[PDB]
Every structure is written in C-alpha cells, then in structure tokens.
2 protein chains.
Amino acid sequence: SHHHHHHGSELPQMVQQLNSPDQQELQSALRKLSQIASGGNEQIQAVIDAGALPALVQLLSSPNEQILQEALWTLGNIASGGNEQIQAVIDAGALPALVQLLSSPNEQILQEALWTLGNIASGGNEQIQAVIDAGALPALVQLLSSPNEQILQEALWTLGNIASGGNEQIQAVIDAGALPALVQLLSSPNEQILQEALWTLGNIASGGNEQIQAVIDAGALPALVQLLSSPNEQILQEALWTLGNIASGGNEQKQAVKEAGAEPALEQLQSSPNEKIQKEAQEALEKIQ
Amino acid sequence: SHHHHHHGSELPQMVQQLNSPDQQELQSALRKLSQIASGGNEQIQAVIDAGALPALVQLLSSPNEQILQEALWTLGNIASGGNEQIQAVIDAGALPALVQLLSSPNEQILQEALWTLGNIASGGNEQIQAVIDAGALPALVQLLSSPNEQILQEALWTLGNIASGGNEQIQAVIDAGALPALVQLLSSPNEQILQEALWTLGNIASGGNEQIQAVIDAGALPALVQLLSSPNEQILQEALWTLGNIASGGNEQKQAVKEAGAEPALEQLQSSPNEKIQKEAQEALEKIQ
Ligand SMILES: [Ca+2]
Ligand SMILES: [Ca+2]
Ligand SMILES: [Ca+2]
Ligand SMILES: [Ca+2]
Ligand SMILES: [Ca+2]
Ligand SMILES: [Ca+2]
Ligand SMILES: [Ca+2]
Ligand SMILES: [Ca+2]
C-alpha cells in the first residue's frame, strides 16, 4: 500500500510553526515533518527545500526533551537519505549541537544523537570528515567504556561508520585512541558485544598498511586468535573477516599474523560445515603463505 | 528504536538464491531483500552492490505473480533512494520490463509497476528521460481514461513526476496527448480525481511558454475558472496554483487568462477565510495586469 501527496503550502507553514510560541502547534508540526522525512529521498528533499533544517538545528538546544527527541528523530531520518541530503544537514550546522549532546545524562537523547551522527557518518568521505572535524571522536571513544550495552552498541556503530571512510579517516579513529578500547572489548563474555566490536575493528583493519600496523600493535591478534575457538558462528565469521583484512596488508603484517599462532586454529576451521567459515578460514590461511 | 546489521556474505547468498530452483528459498531471499531495500540509502546501496539488480530484473518476466509482486516491491523501494540508485535500476534494464507490465490485466501488478515507474520518474532529468525513451508515455496517457480510480491515481502521479522535469520532458508528455485526457478529468464530480488531475496539470503548466500555450489550447482555462467556484478548499488551492503557473508566462498567455473570465472569480476569492487561497488568488490576479 502507498499514499501520494503534493507539496504544498502546508510544508512551509509547518516549518514556520517550529518557531511558534505554541508548543502543541509546534509539536504537531514537528511530528508531521518527521513522518514526511521517513519516506523516500523525494520526501526528504521536500522537507529540506521547505527550509526545515535551520529551525530543526536550533531546537537541538531546547531544555524541552519532548521537542528535542522529535527534532533529533527528524534530523536522523533526513540524514538517512542521499549524501547531499546528509550534507544539507551538516551545512545547517547540526554537528556541533549533536556533539554537545554526546555528554547528555539522558540515555534516550544520547542514543538518538549517536544514531543521528551515525547516519551522517554513513555517507561519503566528505560527510565523514565533517563529523571528525566537528570533534565527535573523543566522546565516541570515551563511550566505548560505557557499562550501558545499548549506548555501547550505538557508539560502536557510529565509530564503525567513520572507520569505513578513506585511510585518513580510519587513522583519525586510531589517533583518537579507539584501538585499546576495542581490543579490550574482544575479551567480553558477551557475544553480542563481540560481534559489534569486531564490526568496527574489521572496518579499521580494512585500511592501509599503516592502519593495519596500528591494529597489530594494539594487541588485537592474540584476542582474534582466541575468538577462533568460539562456538558462535557469527563471531567466527567476524573474527575470520577481521583477520583476513589484516592478512591483506604487507609482508610485515602477514608475518605478524603467522607469528600470532593463527595457523592451527585456521586449519581446523577449514574443515567446518559452515560454508562461510570454511571459505574465509581457507583464504586467510592462504594469504599468509 | 533502531537495529543495525553488518552485511555480510548472506547478502550475496540471498542474491544467489534468486536464481535458485527452490521457490520457497527464492521467496525467502526475495522478502529479505525487499525488507533491506526499505531502509536508508545505506541499506539500498548494500542491496545494489551485492548485485541483486540483474536477477531482480529477470524476475519481472515470471508468470508466477507471488515472485513478481515481491520483486516489483523490491525494485520500487530501491527506486525510492538516491538518483544514482535509480540510475542503477535503469542500467540493469528494468524499464522495458516495467513498460510491458503496464498492459497487465492484473491490477495489483499494474499498480505496482506504475508505482515503481513513478519512483524512477521522481529522480533527476536523466532518470526521467529514460522513462520517456523506454516508451512509457503512450500507456500512461491511455490509463488516464481508466475507470479504475486506483489505477488512475497511480498513472496521474507517475505522469506528474515526468512532468516535473525539464521543459523538454514536459513537452514529451504533451506530445503523447496527455492534455485532452487531463482536461476531460477537470469535469469530474469526484473531488479526489480533481486534486490528482490538478497536481499533474499544474506541473505541466510550470513549463515554458510553449508548454503553457499547449495547456491553454487544450481548453483548460474554462475548466479551471469553473473550478474556482468549488466548495472544496484543496481544489480551490490546486486550481489557483495551476492558474498562477499559466499566468507566469508571456504576455500572450496572461492575455488568455484575462479573456477566460478569471477576473471576478479571483476577486471573490481575495476575500476568503483561507489564508492560502487568499494569497494565491491575490497573486494570480496581480500577474495578469
Ligand atoms: Ca506557549
Ligand atoms: Ca525539560
Ligand atoms: Ca539518565
Ligand atoms: Ca552510504
Ligand atoms: Ca484483473
Ligand atoms: Ca527526486
Ligand atoms: Ca471505478
Ligand atoms: Ca463530489
């Protein structure tokens, strides 16, 4: 099922009502805009072109959480469209307000802010760079020690998105000090945390030799080889993939994987019922020959 | 809330399963892909990159409607992403298969085909031109005579989307003979149809002097002035808007609006409770001086 609607003098009136001193008129317009921004790129574009972004960004400073959550939601949805749409969010000045929100004692606000930064960081290298230049990395890395598993997964995802940019963007992640926190997380008894940390680490390990060498130095290899003993097949797959990425580096990084005791563990996984596990294990093992 | 997932050897496997002779395995994969394609641009991009498009396009020839409806749904969702994502749908050869579906006696398939086509025509001029070149216009124009209000609304939207492009693509719609059918639709007692028609016509009237003149020569002006008597405020709004578009042309187009007796009907509407109606009526009247 699908409804079509034309815009629309309503949309600017909607935008105009974000500055309205009537909070329920305000909230009604706000909910309406978030609903529209949750459609296609076409819909998202209509919200942008109606000039919603400056007003939405202003609301990120509100001491009213009801207003704020809905505005964050709207922004996050816009940032799930095209790169130029993500860019319009950045141009509107959303990033400094988003970063400031990373220190919120409100877990709902914090996760929504992280989720929105994540969406922005999911775009092109231009958009990723803006997040870094806005200064998100230090608060992001700090959140890696969070005892809150829900906040942790959200920070891991955003960091991973940042780390899927060019080699210089990955390096910014490494330089903000993400690697010791991640490596530590590889020691968790929580398989869900492991999958999340490996997603991010793997993105880092897919960089150039300098980025890969940093991963080696932070002691990721022993932890990765330990995970090759995991009964959980998702973990095996992520750990194999991360390792395969390291083993795609130079002779130096390859030699490091060889010295890490990975060959026995890989040789067993080569005889696995799981086809994905069988494959990545065979390949990882082959690259380091 | 929001769940994240890292792809994933599964995605190519799901793609590889579109060609599986196991129909339930095929359906399972198919439904999984469409679910993923209904996420952000990030998610849509993953489906494209996994190479689902060539396989999805093949399925558009299947005599199995269950398979076909789900593949259509999947393609339409991809076509609701960025311009280059639409482009990837076109580059995979979807358009000729879509246009052939416009002759389907199955209303479900037909509406989904139009919907997907509509999503493609919502992109840039480059994407719109490919729909035109694929030969969609003749069937679309024919559907304007359809006694099915549901099929009708879907054809109106897709044509409207085409008509939102450059003056040349608007011209292409005019040349396929859309204007007589639209003008006929302006005589409908069905206000829902009127709105849909006025959306399409208004888009055509936002073209250059050539395209505006074609609208005037199709006899829209009497019909539009008649609609300025409507008790329905949306209809008044769309008709005022369409008319304001015509009155944004050259002196000759403006002269024609004067000659069509729009003067007293506008002046009446200049004293109206509705602020949008008040405004567009006032402007239109001003342009034709
Ligand atoms: Ca108040
Ligand atoms: Ca408060
Ligand atoms: Ca709290
Ligand atoms: Ca992206
Ligand atoms: Ca039928
Ligand atoms: Ca568009
Ligand atoms: Ca009917
Ligand atoms: Ca009626």
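As a basis for the values below, the full set of heavy atoms in this structure was taken, side chains included, without hydrogen atoms, waters or symmetry mates. So you know, we letter chains A, B, ... as the sequences are listed, proteins then strands, and number each from 1.
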Mind checking whether [X] and [Y] have side chains closer than 4.5 Å, heavy atoms only?
| X | Y | answer |
| --- | --- | --- |
| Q16(B) | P12(B) | yes |
| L18(A) | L33(A) | yes |
| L152(B) | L185(B) | yes |
| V15(A) | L56(A) | no |
| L240(B) | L266(B) | yes |
| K276(B) | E280(B) | no |
| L102(B) | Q142(B) | no |

Nearest-0.5 Å distance that lies between atom [atom1] in [X] and atom [atom2] in [Y]:
| X | Y | atom1 | atom2 | answer |
| --- | --- | --- | --- | --- |
| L285(B) | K258(B) | CG | NZ | 11.0 Å |
| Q278(B) | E283(B) | CD | CD | 13.0 Å |
| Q111(A) | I109(A) | CD | CD1 | 11.0 Å |
| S272(B) | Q270(B) | OG | CD | 10.5 Å |
| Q85(A) | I120(A) | CD | CD1 | 12.5 Å |
| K32(A) | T74(A) | NZ | OG1 | 13.0 Å |

Begin from the C-alpha positions of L30(A) and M14(A) and carry the test side-chain contact (heavy atoms from CB on, under 4.5 Å) through to its verdict. CA-CA 8 Å; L30(A) 202 61; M14(A) 256 183 265; over 6 Å; no
I'd like a table of donor-acceptor pairs (distance under 3.5 Å, sequence neighbours excluded) in which one partner is a side-chain atom from residues 213-221 of chain B, with atom names and distances.
from, atom 1, to, atom 2, distance (Å)
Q213(B), OE1, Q253(B), NE2, 3.2
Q213(B), NE2, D217(B), OD1, 2.7
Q213(B), NE2, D217(B), OD2, 3.4

A quick test of your reading: do over 12 heavy atoms of other residues, nucleotides or ligands sit less than 6.0 Å from [atom1] of [X]?
| X | atom1 | value |
| --- | --- | --- |
| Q13(A) | CD | yes |
| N251(B) | CG | no |
| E275(B) | CD | no |

Which atom names give the shortest non-hydrogen contact between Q17(A) and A29(A), and what distance separates them?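 Looking at all heavy atoms of both residues, the shortest contact is OE1-CB, 3.8 Å.
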Grab the two heavy atoms, one from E25(A) and one from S20(A), that are nearest each other, plus how far apart they are. OE1-OG, 2.9 Å
Taking the side chain from [X] and the backbone from [Y], do they hold a donor-acceptor pair closer than 3.5 Å?
| X | Y | result |
| --- | --- | --- |
| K254(B) | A247(B) | yes |
| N83(B) | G123(B) | no |
| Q282(B) | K279(B) | no |
| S122(B) | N119(B) | yes |

Under a plain distance cut-off of 3.5 Å, with no hydrogens placed, do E70(A) and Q66(A) share a side-chain donor-acceptor pair? no
Check the side chains of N232(B) and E191(B) for a donor-acceptor pair under 3.5 angstrom, ignoring hydrogens and angles.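 Per modelled atom types, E191(B) and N232(B) side chains form no pair under 3.5 Å.
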Can you check whether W199(B) and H5(A) have ring centres sitting under 6.0 Å from each other? yes
As a quick check of understanding, evaluate side-chain contact (heavy atoms from CB on, under 4.5 Å) for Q255(B) and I288(B), giving each step before the final call. CA-CA 7 Å; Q255(B) 259 291 329; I288(B) 63 180; over 6 Å; no
